[PDB]
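Q: sequence, then structure. It's an experimental one.
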Amino acid sequence: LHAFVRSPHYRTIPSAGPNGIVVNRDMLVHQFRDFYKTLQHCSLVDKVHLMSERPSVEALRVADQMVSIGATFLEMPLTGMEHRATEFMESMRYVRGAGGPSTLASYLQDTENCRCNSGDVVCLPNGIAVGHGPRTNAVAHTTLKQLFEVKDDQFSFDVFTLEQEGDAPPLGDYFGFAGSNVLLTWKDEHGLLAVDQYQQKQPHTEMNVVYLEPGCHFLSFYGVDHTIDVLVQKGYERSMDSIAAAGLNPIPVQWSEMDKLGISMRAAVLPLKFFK
Amino acid sequence: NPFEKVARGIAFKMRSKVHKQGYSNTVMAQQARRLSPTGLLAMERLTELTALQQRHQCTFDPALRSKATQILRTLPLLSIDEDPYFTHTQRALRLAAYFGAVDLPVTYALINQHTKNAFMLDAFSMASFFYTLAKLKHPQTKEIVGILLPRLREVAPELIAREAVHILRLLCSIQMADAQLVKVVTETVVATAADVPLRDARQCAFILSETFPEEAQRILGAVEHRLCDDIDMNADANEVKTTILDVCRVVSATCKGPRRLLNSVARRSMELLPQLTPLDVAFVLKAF
Amino acid sequence: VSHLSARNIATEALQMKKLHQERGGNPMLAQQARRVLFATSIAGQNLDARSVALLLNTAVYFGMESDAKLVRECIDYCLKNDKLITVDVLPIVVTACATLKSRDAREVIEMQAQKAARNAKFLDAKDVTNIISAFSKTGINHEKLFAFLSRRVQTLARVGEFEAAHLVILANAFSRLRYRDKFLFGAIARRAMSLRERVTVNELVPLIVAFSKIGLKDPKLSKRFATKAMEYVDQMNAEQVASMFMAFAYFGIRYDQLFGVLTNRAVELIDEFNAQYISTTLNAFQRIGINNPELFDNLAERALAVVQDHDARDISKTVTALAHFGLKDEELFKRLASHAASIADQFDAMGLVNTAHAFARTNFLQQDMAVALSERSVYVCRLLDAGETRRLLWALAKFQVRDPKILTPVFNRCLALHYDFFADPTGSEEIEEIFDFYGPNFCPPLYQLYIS
Amino acid sequence: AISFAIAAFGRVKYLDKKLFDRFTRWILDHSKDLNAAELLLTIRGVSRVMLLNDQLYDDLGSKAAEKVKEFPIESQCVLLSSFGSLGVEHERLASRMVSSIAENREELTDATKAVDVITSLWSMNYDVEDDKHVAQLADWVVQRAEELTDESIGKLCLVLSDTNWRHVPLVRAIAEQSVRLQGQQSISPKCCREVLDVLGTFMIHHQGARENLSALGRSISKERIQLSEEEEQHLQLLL
Amino acid sequence: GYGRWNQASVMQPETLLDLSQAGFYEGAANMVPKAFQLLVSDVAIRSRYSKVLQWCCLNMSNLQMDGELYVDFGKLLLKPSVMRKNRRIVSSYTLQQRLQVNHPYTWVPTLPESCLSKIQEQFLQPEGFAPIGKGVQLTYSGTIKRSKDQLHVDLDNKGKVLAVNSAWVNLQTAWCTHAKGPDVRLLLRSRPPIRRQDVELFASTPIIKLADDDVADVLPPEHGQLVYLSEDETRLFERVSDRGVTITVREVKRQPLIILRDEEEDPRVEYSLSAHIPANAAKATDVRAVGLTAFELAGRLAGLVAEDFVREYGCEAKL
Amino acid sequence: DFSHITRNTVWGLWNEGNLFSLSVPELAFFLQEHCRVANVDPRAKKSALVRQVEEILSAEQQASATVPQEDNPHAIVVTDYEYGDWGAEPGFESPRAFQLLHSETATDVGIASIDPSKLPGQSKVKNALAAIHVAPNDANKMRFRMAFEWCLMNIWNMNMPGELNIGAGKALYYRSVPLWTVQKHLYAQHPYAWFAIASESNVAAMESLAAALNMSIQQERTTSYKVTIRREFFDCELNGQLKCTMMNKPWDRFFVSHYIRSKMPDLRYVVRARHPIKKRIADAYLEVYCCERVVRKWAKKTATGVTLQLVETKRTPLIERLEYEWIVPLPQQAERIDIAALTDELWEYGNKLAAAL
């Protein structure tokens, strides 16, 4: 319920981001102040916290430090990520300024050879859909199964390993969830694989599935509380109609020029769940 | 007007800072408790001979009295106005009393400590002093009691009955009982007759019977019905024997007795006849 | 052998404080709270920092200071245990150890300032205002901390994140802290203008006061606040009216329409004026230069109603405001002089000289007041500069005082600053008056320096 | 006249330090011969004035542990509440006292008092995860979890969350009762927030409660940053 | 305990603790806001002595009390424990706080003989003003220790007690220390209220038995302990500067006879300046010119006895 | 009923509870005299009198003795636009350190020792203390040796090289400026300026002091270029051919003390250390501020053995005044040199420098 966002550094924005498409620096810091307002006025999060500016543009990729899988946070394993250690050592402070300690993911950081990434594991009403692809190894899934899985009539919690191809983006980018048994998905081979692997794993759920055209970034979290709100990127009115026909109120957010940077909305907001 | 209002408020605010918790007041009240080295030596000797008192009661080894005598003979005792409550001094007096050290100079030193400062002696301290000095048959008890009496007439209203008994016994043995301490002590013992040890009421009545018959009569009347109930319903033969005997002595001394108590004493004397020595029956008929 | 439970005592004292500050504040409840708190004592118990700042906050609220044992045991354990104090407890502790005159109530503040500087970056909207308002009271002088906190305020207010009640708190705290920054106050004004109509008059007036009291040399904000004040003049009382008068005078610009509607407001609120803020509503007029006599007569009429209880500085301010275009209403002037004689208590050296000078320049001489002020003049003449010494000397001369014990100290002081005494041209005429009375016989060295 | 005096002071909260010191010294002296109806009358009195006499409490607790049958059920509940109000832990007293309430469970007036017993047994730092005696009262609450009200659920959520108690049926009963309470429009937002908190903390979905409880449960935990009408219409223009 | 001991479940929520701490605010040393000064010689210190004195007089007024301004001359001897680690330099604020907690100073009010050359036999004579004194008035001065507090009594040479009242409580104490001359001590003293029963009681019972040259204590042991008696020879002089300002100068040659501590052993001679500050002086009427006037007069008197103070009597190694 | 009843007494009771310690006549007298009650009912018992007295006092308070800790944001306060006497404060007893010194003030009371054996009484004690306004010279000298001990230990614990330099020049205090208040102001705001000015005519005099202390010229009149660059201040000492000889980190002062004498140029003592520079960046320039300095240096060995260097320098910025200074390197922790006597000698030499200009 704590959404951490970081304002971009105006001077160090790299023009013509890593896609060959130019970017407007003077408009990013104008759309960010609208994204923040929508985020704090969308009933999806409790409190939004503005982290301090940092030189590196990649430092704006929040929500890679850790993942919120309940009251216990899991910081991702150190593999090829030391080159941002400072912003992985300072951000944590922003967490402890409103929240508190946790398991520290000593069960994850210290577990031998291990690989994972936030946006690859998504929490579901009674499960954990892990995206087995080019980012997270199976050993990480086994550790998550050892940790969060409980097996009983009412002590029931499952971990779902979702296979995907090498070129697949992170699981949370195209296979999302929203409140009241709706399962938003991208309409491509990745979405087909997601729904196939979901049906082959405990098909008794019988939850609605909605299709989205590829290229439409969306932000929607299970959350502690039920809600009907989807952060849909502008310019995809077909997707807006598709979701709104299912009973979910769509909230459009301008995200065009940040897309050229190559960072998704799921990776632009770090959600935590703090409990006393 | 703001200046005068603020001045009054500031005066009262600074007055409120002057109380018993202040830093300087705490440090002063803690420094006065500190004792000069002679006091520490006296406390050490007191601790030394306390164990001797505790040990003498089991073996009664001679020449241990000599050890205590030497230990307290040159006891510094310098404790004036460093303990306003007379502990560590009444204790020393008691310890010297246990060894019969009535002639050693430190004993009269303690007595002089009590008499000279006979204005910091509260009820408990004065009563404890009077409990001793009677276990010590001092040659000069007369002037000590004479000096203390003006204080005793002011401390009397807060004296518990158990200590009032000893006070009256001391003031009656040496013929120094007066019509000023006796009146107030009998007023206290009459006020609290609702729940007072009947032993104390009987003792006070008997002791005052000889010289103050009216006060003994009032005391006996105050605890009359409780005494009748004790005579009737009790099961301890010896206690009821002693009670009937000494109430008979009180009645004989004051030459008066309420009929309600006399009926009950007569009935229980008739019931518990065989155990009574002919002296007891003679005393009962004397009282009647 | 019987130690009161400190935690439950804290939870009781919180309710007692709520009752005392909501029910009206009868002294019986205050005495009861002080009685229960005095016997309270932190001991070999293990109170947590959350429930120690409460036993200190409530205590200091109820009058406790370092005199008591509770405070001395609560100010301590803050010197030794500093890690336990988090950013939530810090504002309470800092605003508690601010009125306390002890010397640990100033090591605690500095030790907390060494912590808030490092964490001035990781603070949300509410906690920054709380910490700034806490540190405003102590009068600390750590510029790095203030710069970091201003940085955090600007970063947080870049996107609207301050409600229209934290702006007042923040502006008041910084203004009382005497911290001049154009960036921070520009951002605060921008944010206040963003939340249109959410800043009600009761929240508008203090913002104007705080901005005016900082010394921001600029015509921008003083232009923007004008229309807001003009619209809000409808529903404000006398106190805020006078305070806004003073603020607009201190901004230094002349607005015809706003001042006109302010006068039309004041003439409807003349009845309520209690003369403690008549001083400001007159001194602002004197300072700005506006000389509209329509409301001067009404203020003079209301000054009769409350003359017996003018504050000491109030007499100085009002009379020196009655210097410029004084209408010479001797009816009030004589009673004001008599009260000034009777109010001859602790005064201000500047207040004394200004009082005497305004009394003398208006040429309405009186005897008892002059005697009292001349008597008091000796104890303050040792703290006067050359200009005010000259003013005082001329006021004494116009009072025709020849007492050597009164004139010797002022003459010694004015000889001590002779170079500054003579070098002020605006007083040269006054010089030709003072020696007009005393003659060359009085202080021959002064006359010799005057001739040259 | 000591127990009476204590219970007449410990009922209007007029502790006198020296007088109570003398009272407690007397009680500690002649502590072997205080019967029942005194231990209650003095424990409920010296704890509504918050005195932490270590020896006094450590003796009165043991004496009330020896005399357990004589106390009625309501007296046992009040004794546990009095000891738990300050936090003066006494493992022997609670262990010898909760068995009586467990055995005579059916006599409680309703299910609120069972949660009161559990809560005031937790405050004494007695591990409620221990022997089944606490579990019997918990299950009793479960079976008749229709008498629980807002305050009872509020007290139960704290003890469930703080001690890491994995009781699932109790949580489901809390959820269903909260749902029906909201159906009757007699629940408070704090209770809803605590219920959602304990539900989320334990990885329990229970979609029946989240649909009709969350809307009430966010007004307590949503920073409504005030927005002007112009800003509101600008935000509407945004979406 | 009995009755309905099983319905102990209803208790009104509006019960907040109301502890009573009787015996807290009372006393003699806990009744007034006090003030301390460590003024050191070699101007701008008569401003501290102005501000503090004015506030102390205002406080005395607001508490509905009256007092008098007492000034005398003597020599402080600070206890050797005031300094630490043998450092001869210390802040004038840290020292003023060191002396204010323990009060580790010994005060000896005395002046060398043959110092009456200036007083009454110089321009000081006019300063002394009219000698309205009735000549030396043989008087005994004693103090008694009650159960709680202390009393001060003045007894005429041949008669019953002529004065019996409470001990002095001095609000402001200033150590206006000089270098070679005798130090000057300034005070603003007041009298705690006294019960008429106590004064009549100590008037009824004779204090001492001054039969022939020797004297003894015949105080009943139920009233106190005689701790200090000294034969006094007293003289008085008065000045009136058209302002009701009765700055009275008084000389006393006291010979200590009944002694408790070794501090007060040898015969002593002490001057003293005084004024009077009623419950109305602090109101309107100036109450600072009295303090400054007394300060200046005391400084002049100290200066006029500078040389003979360090003569064959006494010595001052103030360096 | 008597005079021992006073508003102070009946207030110290009211604030204490315990108001029932006064009998009926006492409270009747209090109501009649102080409370201006017309006439108290003689029939009235204790409780009614207590209630009336408490009500009268409660209405009498008429003020607030509670200092609120809250922050009410609707308070329009236009009004706004130390010696430690009234109590015994409990718990008592980029310049990193600046304390002001003066030759007249010495606001630290001195302490002496005197035997009052001839005073009345007291004829058993042979030592006693007193008070005196100590001479500013010696008091400031003792404070200076203490401060040098502090600043020497503070750099010994960091095992960092450093030195003490004493500049001869004036100090201008701004209008924004007891002595402790001045010390706090200068340690907080730094509202002052320091000007190192020396007269050329004194050159022939200063050479004389070289003979007075037997000082030998260690450096002739040498022209160097002191150039501080930004990247951080980096001070390079270029030769006469614009070639860098030594690159140094900024002067981080640790101890600063400006002795503001009444007459003649003032003395500015500065204990300072140069942070060692990593050679990776130092080697770059070895192969905004710019001044040409013509320097003459005399050297000697003091009585305690420390190197003493009197340095005269004609400074002239180009991106211009005579200056005089003393230089003494900070002793290391392995030399065991005396501190107090060395400090006295250095203070005397500083006084000589001030008096010779």
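A: Everything's here; your move. Numbering: from 1, shown residues only, chains lettered A, B, ... in the order given.

Q: the nearest residue to residue B:172 once chain neighbours are set aside: how many residues sit nearby?
A: Distance criterion Cβ to Cβ, 6 or more residues apart in numbering or on different chains; nearest residue to residue B:172, sequence neighbours excluded, is residue B:207 at 5.8 Å. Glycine gets a C-beta too; all of them are placed from N, C-alpha and C. Neighbours of residue B:207 under the rule other Cβ atoms under 10 Å in any protein chain shown: 23.

Q: contacts for the helix or strand harbouring residue B:207 next, please.
A: Taking DSSP states H and E as the criterion, the element that holds residue B:207 is helix B:198-209. Contact with helix B:198-209 is made by B:161-162, B:164-165, B:168-169, B:172, B:182, B:185-186, B:189, B:193, B:215-216, B:219-220, B:222-223, B:226-227, B:230, B:243, B:246-247, B:249-250, B:253-254, as judged by Cβ atoms under 8 Å, 6 or more residues apart in numbering or on different chains.

Q: and the closest residue to chain B within chain D, how many neighbours does it have?
A: Closest residue of chain D to chain B, Cβ to the nearest Cβ: residue D:1 (9.0 Å). Residues lying near residue D:1 (other Cβ under 10 Å) number 8.

Q: just the buried members of the contacts of helix B:198-209?
A: Neighbour-count burial (16 or more other Cβ atoms under 10 Å in any protein chain shown) applied to these gives B:161, B:164-165, B:168-169, B:172, B:182, B:185-186, B:189, B:193, B:215-216, B:219-220, B:222-223, B:227, B:230, B:243, B:246-247, B:249-250, B:253-254.

Q: angles on the backbone of whichever residue of the stretch 101-250 of chain A sits closest to chain B, please.
A: In the stretch 101-250 of chain A, the residue that lies nearest chain B is residue A:101 (40.2 Å; Cβ to the nearest Cβ). For residue A:101, the backbone dihedrals are phi -70, psi 180 (criterion: degrees, to the nearest 10).

Q: and for residue E:216?
A: Main-chain dihedrals, residue E:216, degrees, to the nearest 10: phi -140, psi 160.

Q: now it, nearest residue through space, not along the chain?
A: residue E:209 (5.2 Å).

Q: and that neighbour, what does it touch?
A: By Cβ under 8 Å, 6+ apart, the residues touching residue E:209 are E:215-218.

Q: before we move on, the earlier item: buried stuff in the helix holding residue B:207?
A: Counting neighbours by 16+ other Cβ under 10 Å, helix B:198-209 gives B:200-209 as buried.

Q: just those now: which is nearest residue D:92?
A: Comparing the buried residues of helix B:198-209 against residue D:92 with Cβ to Cβ picks out residue B:200 as the nearest, at 41.1 Å.

Q: which ones among the buried ones among the contacts of helix B:198-209 lie within helices?
A: Residues of the buried ones among the contacts of helix B:198-209 located in helices (DSSP state H): B:161, B:164-165, B:168-169, B:172, B:182, B:185-186, B:189, B:215-216, B:219-220, B:222, B:227, B:230, B:243, B:246-247, B:249-250, B:253-254.

Q: how about residue 99, what does it touch?
A: By default, I'm working from chain A. Contacts of residue A:99 (Cβ under 8 Å, 6+ apart): A:2, A:272, A:274.

Q: oops, chain E please
A: Applying Cβ under 8 Å, 6+ apart to residue E:99 gives the contacts E:36, E:38, E:78, E:82, E:105.

Q: check the gap between it and residue A:67 for me.
A: 66 Å (Cβ to Cβ, to the nearest Å).

Q: residue F:7 too?
A: Taking Cβ to Cβ, one finds residue F:7 at 71 Å from residue A:67.

Q: also residue C:86?
A: Plainly put, residue C:86 is 26 Å away from residue A:67 if you go by Cβ to Cβ.

Q: same check, this time on residue D:155
A: Taking Cβ to Cβ as the measure, residue D:155 falls 33 Å from residue A:67.

Q: equivalent analysis for residue B:241, please.
A: For residue B:241 relative to residue A:67 (Cβ to Cβ), the value is 93 Å.

Q: so those two - more neighbours on which side?
A: More crowded of residue B:241 and residue A:67, by other Cβ under 10 Å: residue A:67, with 25 against 17.

Q: can you tell me which residues contact the more buried one?
A: Taking Cβ under 8 Å, 6+ apart as the test, what residue A:67 contacts is A:73-74, A:76, A:116, A:118, A:121.

Q: sec struct for residue 26, please.
A: Answering for chain A, as no chain was given. Following DSSP: H, G, I helix; E, B strand; the rest coil, we place residue A:26 in the helix state.

Q: right idea, wrong chain: chain D
A: Using three-state DSSP, the structure places residue D:26 in helix.

Q: touching, it and residue D:5? I think so.
A: No: Residue D:26 is beyond contact range of residue D:5, at 10.8 Å (criterion: Cβ atoms under 8 Å).

Q: more neighbours: which of these two?
A: residue D:5 (15 against 11).

Q: excluding chain neighbours, what is closest to the more buried one?
A: Closest to residue D:5 by Cβ to Cβ, 6+ apart is residue D:23, at 7.0 Å.

Q: how about whichever helix or strand residue E:293 is part of: buried residues?
A: Using DSSP H and E, residue E:293 falls within helix E:289-304. Buried residues in helix E:289-304, counted by 16+ other Cβ under 10 Å: E:289-295, E:297-299, E:301-302, E:304.

Q: ok, the closest residue to residue F:109 other than its chain neighbours - contacts?
A: The shortest distance from residue F:109 to any residue other than its chain neighbours is 4.3 Å, reached at residue E:92 (Cβ to Cβ, 6+ apart). Listed by Cβ under 8 Å, 6+ apart, the contact partners of residue E:92 are E:38, E:40, F:107-109.

Q: so which of those are in helices?
A: If you go by DSSP H, the contacts of residue E:92 have nothing in helices.

Q: and for residue 27, the neighbour number?
A: Using chain A. By other Cβ under 10 Å, the residues close to residue A:27 number 13.

Q: try chain D instead
A: 21.

Q: same check, this time on the one 10 residues further on
A: Using other Cβ under 10 Å, residue D:37 has 18 neighbouring residues.

Q: quick one, phi/psi of it?
A: Torsion angles, degrees, to the nearest 10, at residue D:37: phi 70, psi 0.

Q: for residue B:210, same thing?
A: For residue B:210, the backbone dihedrals (degrees, to the nearest 10) come out as phi -60, psi -50.

Q: how close does the spatially closest residue to it that is not a sequence neighbour get to chain C?
A: Spatially, and ignoring its direct neighbours in sequence, residue B:210 is nearest to residue B:253 (6.0 Å; Cβ to Cβ, 6+ apart). Distance of residue B:253 to chain C, given as Cβ to the nearest Cβ, to the nearest Å: 47 Å.

Q: my read: residue B:253 touches residue B:213, true?
A: Yes: taking contacts as Cβ under 8 Å, residue B:253 lies within contact range of residue B:213: 6.8 Å.

Q: which one (most neighbours) among the contacts of residue E:92?
A: By neighbour count, taken as other Cβ under 10 Å, the most surrounded of the contacts of residue E:92 turns out to be residue E:38 (24 neighbours).

Q: I am finished for the moment; much appreciated.
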